[PDB]
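Text of target_25.pdb (PDB, N, CA and C atoms) as supplied:
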```
MODEL        1
ATOM      1  N   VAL G 273     129.380  88.512   1.550
ATOM      2  CA  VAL G 273     130.231  88.467   0.369
ATOM      3  C   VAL G 273     130.087  89.780  -0.383
ATOM      4  N   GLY G 274     131.141  90.145  -1.107
ATOM      5  CA  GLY G 274     131.076  91.163  -2.138
ATOM      6  C   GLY G 274     130.872  92.584  -1.649
ATOM      7  N   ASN G 275     130.580  93.449  -2.618
ATOM      8  CA  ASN G 275     130.241  94.839  -2.363
ATOM      9  C   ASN G 275     129.154  95.248  -3.343
ATOM     10  N   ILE G 276     128.002  95.617  -2.800
ATOM     11  CA  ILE G 276     126.833  95.930  -3.612
ATOM     12  C   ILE G 276     127.048  97.305  -4.230
ATOM     13  N   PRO G 277     127.246  97.384  -5.542
ATOM     14  CA  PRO G 277     127.289  98.690  -6.200
ATOM     15  C   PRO G 277     125.892  99.107  -6.627
ATOM     16  N   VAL G 278     125.684 100.413  -6.710
ATOM     17  CA  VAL G 278     124.378 100.956  -7.058
ATOM     18  C   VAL G 278     124.548 102.414  -7.443
ATOM     19  N   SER G 279     123.766 102.844  -8.425
ATOM     20  CA  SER G 279     123.596 104.251  -8.747
ATOM     21  C   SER G 279     122.333 104.743  -8.059
ATOM     22  N   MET G 280     122.360 105.973  -7.570
ATOM     23  CA  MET G 280     121.206 106.546  -6.881
ATOM     24  C   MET G 280     120.879 107.850  -7.600
ATOM     25  N   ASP G 281     119.824 107.823  -8.410
ATOM     26  CA  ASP G 281     119.301 109.042  -9.006
ATOM     27  C   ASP G 281     118.502 109.784  -7.947
ATOM     28  N   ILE G 282     119.121 110.794  -7.346
ATOM     29  CA  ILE G 282     118.591 111.458  -6.162
ATOM     30  C   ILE G 282     117.704 112.594  -6.650
ATOM     31  N   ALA G 283     116.664 112.907  -5.881
ATOM     32  CA  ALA G 283     115.755 113.991  -6.225
ATOM     33  C   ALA G 283     116.331 115.337  -5.808
ATOM     34  N   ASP G 284     115.849 116.400  -6.462
ATOM     35  CA  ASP G 284     116.293 117.754  -6.156
ATOM     36  C   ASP G 284     115.862 118.208  -4.771
ATOM     37  N   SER G 285     114.748 117.682  -4.256
ATOM     38  CA  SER G 285     114.379 117.932  -2.869
ATOM     39  C   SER G 285     115.381 117.338  -1.895
ATOM     40  N   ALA G 286     116.060 116.260  -2.277
ATOM     41  CA  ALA G 286     117.216 115.785  -1.535
ATOM     42  C   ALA G 286     118.424 116.675  -1.779
ATOM     43  N   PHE G 287     118.530 117.271  -2.961
ATOM     44  CA  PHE G 287     119.625 118.180  -3.265
ATOM     45  C   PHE G 287     119.288 119.558  -2.709
ATOM     46  N   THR G 288     119.268 119.672  -1.380
ATOM     47  CA  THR G 288     118.907 120.905  -0.696
ATOM     48  C   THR G 288     119.980 121.954  -0.934
ATOM     49  N   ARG G 289     119.544 123.127  -1.397
ATOM     50  CA  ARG G 289     120.391 124.127  -2.034
ATOM     51  C   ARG G 289     121.449 124.677  -1.090
ATOM     52  N   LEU G 290     122.683 124.734  -1.599
ATOM     53  CA  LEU G 290     123.806 125.193  -0.792
ATOM     54  C   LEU G 290     123.696 126.675  -0.465
ATOM     55  N   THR G 291     123.272 127.492  -1.428
ATOM     56  CA  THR G 291     122.996 128.890  -1.132
ATOM     57  C   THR G 291     121.774 129.038  -0.246
ATOM     58  N   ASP G 292     120.848 128.088  -0.302
ATOM     59  CA  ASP G 292     119.695 128.085   0.583
ATOM     60  C   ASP G 292     119.974 127.404   1.914
ATOM     61  N   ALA G 293     121.230 127.097   2.214
ATOM     62  CA  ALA G 293     121.601 126.412   3.452
ATOM     63  C   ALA G 293     122.278 127.379   4.413
ATOM     64  N   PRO G 294     122.257 127.119   5.716
ATOM     65  CA  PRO G 294     122.978 127.990   6.650
ATOM     66  C   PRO G 294     124.477 127.734   6.584
ATOM     67  N   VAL G 295     125.249 128.818   6.514
ATOM     68  CA  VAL G 295     126.697 128.738   6.348
ATOM     69  C   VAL G 295     127.407 128.810   7.693
ATOM     70  N   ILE G 296     128.325 127.875   7.937
ATOM     71  CA  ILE G 296     129.090 127.892   9.177
ATOM     72  C   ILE G 296     130.457 128.513   8.922
ATOM     73  N   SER G 297     131.064 129.048   9.977
ATOM     74  CA  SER G 297     132.302 129.797   9.825
ATOM     75  C   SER G 297     133.375 129.217  10.735
ATOM     76  N   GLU G 298     134.593 129.135  10.192
ATOM     77  CA  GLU G 298     135.801 128.815  10.953
ATOM     78  C   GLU G 298     135.780 127.419  11.567
ATOM     79  N   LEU G 299     135.644 126.391  10.742
ATOM     80  CA  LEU G 299     135.592 125.027  11.249
ATOM     81  C   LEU G 299     136.988 124.525  11.595
ATOM     82  N   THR G 300     137.164 124.074  12.835
ATOM     83  CA  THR G 300     138.397 123.427  13.264
ATOM     84  C   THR G 300     138.027 122.126  13.957
ATOM     85  N   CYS G 301     138.518 121.006  13.438
ATOM     86  CA  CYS G 301     138.133 119.687  13.927
ATOM     87  C   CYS G 301     139.264 119.087  14.750
ATOM     88  N   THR G 302     139.009 118.867  16.033
ATOM     89  CA  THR G 302     140.029 118.377  16.947
ATOM     90  C   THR G 302     139.627 117.014  17.488
ATOM     91  N   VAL G 303     140.414 116.005  17.132
ATOM     92  CA  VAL G 303     140.154 114.625  17.520
ATOM     93  C   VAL G 303     140.608 114.469  18.960
ATOM     94  N   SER G 304     139.655 114.242  19.861
ATOM     95  CA  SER G 304     139.992 114.179  21.277
ATOM     96  C   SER G 304     140.605 112.839  21.656
ATOM     97  N   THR G 305     139.971 111.733  21.284
ATOM     98  CA  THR G 305     140.472 110.432  21.700
ATOM     99  C   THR G 305     140.100 109.398  20.652
ATOM    100  N   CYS G 306     141.059 108.527  20.350
ATOM    101  CA  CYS G 306     140.890 107.555  19.282
ATOM    102  C   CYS G 306     141.132 106.165  19.840
ATOM    103  N   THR G 307     140.197 105.264  19.568
ATOM    104  CA  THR G 307     140.352 103.848  19.854
ATOM    105  C   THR G 307     140.694 103.150  18.548
ATOM    106  N   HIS G 308     141.677 102.251  18.598
ATOM    107  CA  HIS G 308     142.221 101.700  17.363
ATOM    108  C   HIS G 308     141.275 100.703  16.711
ATOM    109  N   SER G 309     140.309 100.176  17.460
ATOM    110  CA  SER G 309     139.492  99.090  16.928
ATOM    111  C   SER G 309     138.043  99.105  17.377
ATOM    112  N   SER G 310     137.573 100.192  17.978
ATOM    113  CA  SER G 310     136.256 100.181  18.600
ATOM    114  C   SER G 310     135.188 100.431  17.547
ATOM    115  N   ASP G 311     133.948 100.541  17.999
ATOM    116  CA  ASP G 311     132.840 100.922  17.120
ATOM    117  C   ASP G 311     132.877 102.445  16.957
ATOM    118  N   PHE G 312     132.733 103.209  18.038
ATOM    119  CA  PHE G 312     132.697 104.665  17.957
ATOM    120  C   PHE G 312     134.087 105.242  17.731
ATOM    121  N   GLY G 313     135.030 104.893  18.597
ATOM    122  CA  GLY G 313     136.438 105.132  18.359
ATOM    123  C   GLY G 313     136.913 106.561  18.500
ATOM    124  N   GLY G 314     136.523 107.416  17.560
ATOM    125  CA  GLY G 314     137.068 108.754  17.484
ATOM    126  C   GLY G 314     136.099 109.785  18.032
ATOM    127  N   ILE G 315     136.547 110.506  19.049
ATOM    128  CA  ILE G 315     135.831 111.665  19.556
ATOM    129  C   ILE G 315     136.506 112.856  18.902
ATOM    130  N   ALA G 316     135.809 113.512  17.979
ATOM    131  CA  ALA G 316     136.383 114.645  17.269
ATOM    132  C   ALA G 316     135.574 115.911  17.522
ATOM    133  N   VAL G 317     136.280 116.988  17.846
ATOM    134  CA  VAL G 317     135.641 118.246  18.208
ATOM    135  C   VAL G 317     135.756 119.201  17.031
ATOM    136  N   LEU G 318     134.749 119.196  16.167
ATOM    137  CA  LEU G 318     134.628 120.179  15.101
ATOM    138  C   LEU G 318     134.230 121.488  15.766
ATOM    139  N   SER G 319     135.178 122.410  15.887
ATOM    140  CA  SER G 319     134.882 123.731  16.419
ATOM    141  C   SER G 319     134.692 124.679  15.248
ATOM    142  N   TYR G 320     133.452 125.090  15.031
ATOM    143  CA  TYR G 320     133.112 125.893  13.867
ATOM    144  C   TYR G 320     131.918 126.765  14.198
ATOM    145  N   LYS G 321     132.129 128.074  14.093
ATOM    146  CA  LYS G 321     131.109 129.065  14.406
ATOM    147  C   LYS G 321     130.043 129.027  13.324
ATOM    148  N   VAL G 322     128.860 129.531  13.654
ATOM    149  CA  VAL G 322     127.690 129.385  12.796
ATOM    150  C   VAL G 322     127.244 130.763  12.335
ATOM    151  N   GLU G 323     127.664 131.150  11.130
ATOM    152  CA  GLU G 323     127.077 132.324  10.500
ATOM    153  C   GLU G 323     125.653 132.025  10.058
ATOM    154  N   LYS G 324     125.383 130.772   9.706
ATOM    155  CA  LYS G 324     124.031 130.310   9.451
ATOM    156  C   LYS G 324     123.908 128.915  10.040
ATOM    157  N   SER G 325     122.962 128.766  10.961
ATOM    158  CA  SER G 325     122.781 127.488  11.632
ATOM    159  C   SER G 325     122.017 126.517  10.737
ATOM    160  N   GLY G 326     121.754 125.332  11.269
ATOM    161  CA  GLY G 326     120.937 124.379  10.548
ATOM    162  C   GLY G 326     121.542 122.998  10.583
TER     163      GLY G 326
ATOM    164  N   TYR V   1     141.250 100.000  32.835
ATOM    165  CA  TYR V   1     142.029  98.787  32.631
ATOM    166  C   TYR V   1     142.200  98.031  33.938
ATOM    167  N   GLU V   2     143.403  97.516  34.159
ATOM    168  CA  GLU V   2     143.747  96.808  35.390
ATOM    169  C   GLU V   2     145.095  97.359  35.838
ATOM    170  N   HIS V   3     145.064  98.380  36.686
ATOM    171  CA  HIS V   3     146.288  99.030  37.120
ATOM    172  C   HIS V   3     146.992  98.170  38.157
ATOM    173  N   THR V   4     148.275  98.444  38.351
ATOM    174  CA  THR V   4     149.070  97.791  39.383
ATOM    175  C   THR V   4     150.080  98.812  39.871
ATOM    176  N   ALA V   5     150.213  98.944  41.189
ATOM    177  CA  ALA V   5     151.081  99.954  41.772
ATOM    178  C   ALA V   5     151.633  99.436  43.090
ATOM    179  N   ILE V   6     152.493 100.237  43.710
ATOM    180  CA  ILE V   6     153.082  99.895  44.995
ATOM    181  C   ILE V   6     152.919 101.077  45.935
ATOM    182  N   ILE V   7     151.956 100.970  46.841
ATOM    183  CA  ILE V   7     151.751 102.010  47.845
ATOM    184  C   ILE V   7     152.837 101.798  48.891
ATOM    185  N   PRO V   8     153.175 102.796  49.694
ATOM    186  CA  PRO V   8     154.185 102.575  50.731
ATOM    187  C   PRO V   8     153.598 101.807  51.901
ATOM    188  N   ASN V   9     154.446 101.006  52.547
ATOM    189  CA  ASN V   9     154.042 100.253  53.734
ATOM    190  C   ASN V   9     154.362 101.085  54.974
ATOM    191  N   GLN V  10     153.891 102.328  54.953
ATOM    192  CA  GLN V  10     153.915 103.212  56.109
ATOM    193  C   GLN V  10     152.534 103.832  56.169
ATOM    194  N   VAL V  11     151.706 103.339  57.089
ATOM    195  CA  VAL V  11     150.284 103.650  57.059
ATOM    196  C   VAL V  11     150.051 105.119  57.393
ATOM    197  N   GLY V  12     148.993 105.668  56.808
ATOM    198  CA  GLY V  12     148.686 107.073  56.953
ATOM    199  C   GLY V  12     149.075 107.908  55.752
ATOM    200  N   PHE V  13     150.234 107.626  55.171
ATOM    201  CA  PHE V  13     150.713 108.373  54.016
ATOM    202  C   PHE V  13     149.822 108.046  52.830
ATOM    203  N   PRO V  14     149.004 108.986  52.362
ATOM    204  CA  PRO V  14     148.049 108.669  51.299
ATOM    205  C   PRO V  14     148.774 108.413  49.995
ATOM    206  N   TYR V  15     148.192 107.539  49.179
ATOM    207  CA  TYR V  15     148.828 107.125  47.932
ATOM    208  C   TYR V  15     147.871 107.479  46.804
ATOM    209  N   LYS V  16     148.272 108.421  45.966
ATOM    210  CA  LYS V  16     147.516 108.735  44.767
ATOM    211  C   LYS V  16     147.881 107.717  43.698
ATOM    212  N   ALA V  17     146.933 107.419  42.817
ATOM    213  CA  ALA V  17     147.207 106.617  41.636
ATOM    214  C   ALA V  17     146.250 107.034  40.531
ATOM    215  N   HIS V  18     146.712 107.898  39.637
ATOM    216  CA  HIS V  18     145.845 108.324  38.557
ATOM    217  C   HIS V  18     145.959 107.360  37.384
ATOM    218  N   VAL V  19     144.922 106.548  37.206
ATOM    219  CA  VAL V  19     144.830 105.623  36.087
ATOM    220  C   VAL V  19     144.013 106.316  35.010
ATOM    221  N   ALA V  20     144.509 106.283  33.776
ATOM    222  CA  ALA V  20     143.846 106.931  32.653
ATOM    223  C   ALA V  20     143.499 105.889  31.598
ATOM    224  N   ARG V  21     142.204 105.642  31.408
ATOM    225  CA  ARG V  21     141.731 104.682  30.423
ATOM    226  C   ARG V  21     141.138 105.434  29.240
ATOM    227  N   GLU V  22     140.560 104.683  28.311
ATOM    228  CA  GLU V  22     139.990 105.292  27.120
ATOM    229  C   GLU V  22     138.705 106.027  27.468
ATOM    230  N   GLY V  23     138.665 107.315  27.136
ATOM    231  CA  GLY V  23     137.459 108.107  27.243
ATOM    232  C   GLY V  23     137.043 108.498  28.637
ATOM    233  N   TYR V  24     137.731 108.023  29.663
ATOM    234  CA  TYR V  24     137.414 108.355  31.038
ATOM    235  C   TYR V  24     138.359 109.447  31.504
ATOM    236  N   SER V  25     137.908 110.242  32.468
ATOM    237  CA  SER V  25     138.813 111.154  33.142
ATOM    238  C   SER V  25     139.778 110.343  34.006
ATOM    239  N   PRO V  26     140.896 110.936  34.422
ATOM    240  CA  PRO V  26     141.911 110.167  35.158
ATOM    241  C   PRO V  26     141.419 109.816  36.554
ATOM    242  N   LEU V  27     141.066 108.548  36.738
ATOM    243  CA  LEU V  27     140.610 108.075  38.037
ATOM    244  C   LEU V  27     141.794 107.998  38.986
ATOM    245  N   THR V  28     141.863 108.940  39.916
ATOM    246  CA  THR V  28     142.925 108.938  40.912
ATOM    247  C   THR V  28     142.454 108.149  42.128
ATOM    248  N   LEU V  29     142.864 106.894  42.215
ATOM    249  CA  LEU V  29     142.568 106.063  43.367
ATOM    250  C   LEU V  29     143.411 106.529  44.544
ATOM    251  N   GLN V  30     142.781 106.604  45.708
ATOM    252  CA  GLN V  30     143.456 106.948  46.948
ATOM    253  C   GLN V  30     143.607 105.674  47.761
ATOM    254  N   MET V  31     144.843 105.318  48.067
ATOM    255  CA  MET V  31     145.123 104.168  48.905
ATOM    256  C   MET V  31     145.564 104.633  50.287
ATOM    257  N   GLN V  32     145.042 103.948  51.303
ATOM    258  CA  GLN V  32     145.430 104.210  52.689
ATOM    259  C   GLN V  32     145.492 102.861  53.390
ATOM    260  N   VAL V  33     146.442 102.699  54.309
ATOM    261  CA  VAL V  33     146.616 101.406  54.956
ATOM    262  C   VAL V  33     146.289 101.526  56.436
ATOM    263  N   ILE V  34     145.893 100.411  57.042
ATOM    264  CA  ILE V  34     145.741 100.301  58.487
ATOM    265  C   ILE V  34     145.932  98.836  58.863
ATOM    266  N   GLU V  35     146.824  98.584  59.827
ATOM    267  CA  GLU V  35     146.911  97.322  60.562
ATOM    268  C   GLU V  35     147.196  96.068  59.741
ATOM    269  N   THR V  36     148.383  95.973  59.150
ATOM    270  CA  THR V  36     148.790  94.886  58.271
ATOM    271  C   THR V  36     149.637  93.821  58.956
ATOM    272  N   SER V  37     149.299  93.482  60.211
ATOM    273  CA  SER V  37     150.189  92.767  61.131
ATOM    274  C   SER V  37     150.644  91.405  60.612
ATOM    275  N   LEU V  38     151.735  90.904  61.194
ATOM    276  CA  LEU V  38     152.546  89.849  60.597
ATOM    277  C   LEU V  38     152.082  88.435  60.914
ATOM    278  N   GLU V  39     151.771  88.130  62.177
ATOM    279  CA  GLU V  39     151.212  86.856  62.620
ATOM    280  C   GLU V  39     152.038  85.641  62.211
ATOM    281  N   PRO V  40     153.191  85.401  62.829
ATOM    282  CA  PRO V  40     154.000  84.241  62.435
ATOM    283  C   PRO V  40     153.373  82.933  62.890
ATOM    284  N   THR V  41     153.501  81.911  62.050
ATOM    285  CA  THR V  41     152.950  80.595  62.363
ATOM    286  C   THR V  41     153.912  79.905  63.317
ATOM    287  N   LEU V  42     153.460  79.653  64.542
ATOM    288  CA  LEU V  42     154.322  79.112  65.579
ATOM    289  C   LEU V  42     153.803  77.772  66.099
ATOM    290  N   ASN V  43     154.495  77.263  67.114
ATOM    291  CA  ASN V  43     154.157  75.994  67.756
ATOM    292  C   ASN V  43     154.854  75.982  69.109
ATOM    293  N   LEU V  44     154.105  75.703  70.171
ATOM    294  CA  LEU V  44     154.653  75.772  71.520
ATOM    295  C   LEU V  44     155.572  74.590  71.789
ATOM    296  N   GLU V  45     156.518  74.768  72.713
ATOM    297  CA  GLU V  45     157.380  73.681  73.181
ATOM    298  C   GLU V  45     157.658  73.864  74.671
ATOM    299  N   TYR V  46     156.792  74.597  75.359
ATOM    300  CA  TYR V  46     157.022  74.887  76.768
ATOM    301  C   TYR V  46     155.683  75.125  77.444
ATOM    302  N   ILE V  47     155.667  75.226  78.767
ATOM    303  CA  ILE V  47     154.474  75.703  79.453
ATOM    304  C   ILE V  47     154.868  76.841  80.384
ATOM    305  N   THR V  48     156.110  76.804  80.869
ATOM    306  CA  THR V  48     156.664  77.812  81.770
ATOM    307  C   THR V  48     155.938  77.932  83.108
ATOM    308  N   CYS V  49     155.890  76.852  83.880
ATOM    309  CA  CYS V  49     155.201  76.870  85.162
ATOM    310  C   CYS V  49     156.215  76.592  86.265
ATOM    311  N   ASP V  50     155.852  76.938  87.497
ATOM    312  CA  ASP V  50     156.757  76.766  88.624
ATOM    313  C   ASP V  50     156.556  75.403  89.274
ATOM    314  N   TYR V  51     157.606  74.911  89.927
ATOM    315  CA  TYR V  51     157.601  73.577  90.497
ATOM    316  C   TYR V  51     156.852  73.563  91.823
ATOM    317  N   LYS V  52     156.308  72.400  92.182
ATOM    318  CA  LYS V  52     155.648  72.249  93.480
ATOM    319  C   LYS V  52     156.074  70.884  94.029
ATOM    320  N   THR V  53     156.777  70.904  95.154
ATOM    321  CA  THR V  53     157.243  69.662  95.752
ATOM    322  C   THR V  53     156.142  69.052  96.599
ATOM    323  N   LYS V  54     155.943  67.748  96.460
ATOM    324  CA  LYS V  54     154.968  67.019  97.253
ATOM    325  C   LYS V  54     155.710  66.152  98.254
ATOM    326  N   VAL V  55     155.811  66.631  99.487
ATOM    327  CA  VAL V  55     156.460  65.869 100.548
ATOM    328  C   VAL V  55     155.405  65.610 101.614
TER     329      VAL V  55
ENDMDL
END
```

Take the structure in the file and give it back as structure tokens.
Amino acid sequence: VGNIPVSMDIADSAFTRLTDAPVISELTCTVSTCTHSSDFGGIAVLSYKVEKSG
Amino acid sequence: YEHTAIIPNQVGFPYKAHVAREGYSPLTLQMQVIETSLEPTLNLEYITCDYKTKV
């Protein structure tokens, strides 16, 4: 039943810094195959080069 | 899935059938035939033997 609502006061260690993160370049997401009702369903190919990995 | 096709009834001629399901590469089934003989259901009404007179 229902939908459990909740606020999550997240810690700054969870808020891992965006400037301190590796930056990826040129993301293109290509959905290869979609099932209309499955569990996994969508095979999507995010093609995006990595100026900074991680 | 469950494909259905009609291969030719001329044996030797290979029959491709590329079935494409979800997430699989196209499975091309190869059909080949040999010896599909007819065998009609019959019933004898003769023996076909020669006569022999007993005198």

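Of the residues under consideration (G:275, G:312, G:307, G:319), G:307 shows the shortest atom-to-atom contact distance to chain V when counting only C-alpha atoms.
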
Leaving out stretch 18-20 of chain V and any residue of its chain fewer than 6 positions from it, which residues lie within 8 Å of it when counting only C-alpha atoms, given as a PyMOL selection string?
chain V and resi 3+26-29

Provide as a PyMOL selection string the residues of chain G at most 8 Å from chain V, counting only N, CA and C atoms.
chain G and resi 304-307

Output file for the residues above (N, CA and C atoms, as a PDB file, keeping the file's coordinate frame):
```pdb
ATOM      1  N   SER G 304     139.655 114.242  19.861  1.00  0.00           N
ATOM      2  CA  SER G 304     139.992 114.179  21.277  1.00  0.00           C
ATOM      3  C   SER G 304     140.605 112.839  21.656  1.00  0.00           C
ATOM      4  N   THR G 305     139.971 111.733  21.284  1.00  0.00           N
ATOM      5  CA  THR G 305     140.472 110.432  21.700  1.00  0.00           C
ATOM      6  C   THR G 305     140.100 109.398  20.652  1.00  0.00           C
ATOM      7  N   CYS G 306     141.059 108.527  20.350  1.00  0.00           N
ATOM      8  CA  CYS G 306     140.890 107.555  19.282  1.00  0.00           C
ATOM      9  C   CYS G 306     141.132 106.165  19.840  1.00  0.00           C
ATOM     10  N   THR G 307     140.197 105.264  19.568  1.00  0.00           N
ATOM     11  CA  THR G 307     140.352 103.848  19.854  1.00  0.00           C
ATOM     12  C   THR G 307     140.694 103.150  18.548  1.00  0.00           C
TER      13      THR G 307
END
```

Residue nearest residue G:321 among G:288, G:279, G:302, G:297 (counting only C-alpha atoms)
G:297

For residue G:300, list every protein, DNA or RNA residue within 9 Å, evaluated using only C-alpha atoms, and leave out those in the same chain fewer than 5 positions away; present the list as a PyMOL selection string.
chain G and resi 317-320

Could you go through chain V and tell me which residues DSSP, when run on the backbone, assigns to strand (DSSP E), listing them as a ChimeraX atom specification?
/V:15-19,27-31

Could you check how far atom CA of residue V:36 sits from atom C of residue V:10, in Å to one decimal?
9.9 Å

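Between atom CA of residue V:12 and atom CA of residue V:31 lies a distance of 9.3 Å.
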
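Atom N of residue V:34 sits 15.3 Å away from atom C of residue V:16.
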
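Summary of the local environment: counting all atoms listed in the file, residues at most 7 Å from residue G:326, other than itself and those fewer than 2 positions away along its chain, are residues 293, 294, 295 and 324 of chain G.
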
Calculate, to one decimal in Å, the centre and edge lengths of the box along x, y and z of the file that holds all listed atoms of stretch 10-19 of chain V with 5 Å of margin on each side, and present them as lines of an AutoDock Vina configuration file.
```
center_x = 149.0
center_y = 105.7
center_z = 46.2
size_x = 19.9
size_y = 16.7
size_z = 32.4
```

Hey, which of G:274, G:322, G:286, G:314 ends up closest to residue G:298? Count all atoms listed in the file.
G:322

Within 8 Å of residue V:14, counting all atoms listed in the file, which residues qualify if same-chain residues fewer than 6 places away don't, as an NGL selection string?
:V and (7-8 or 29-33)
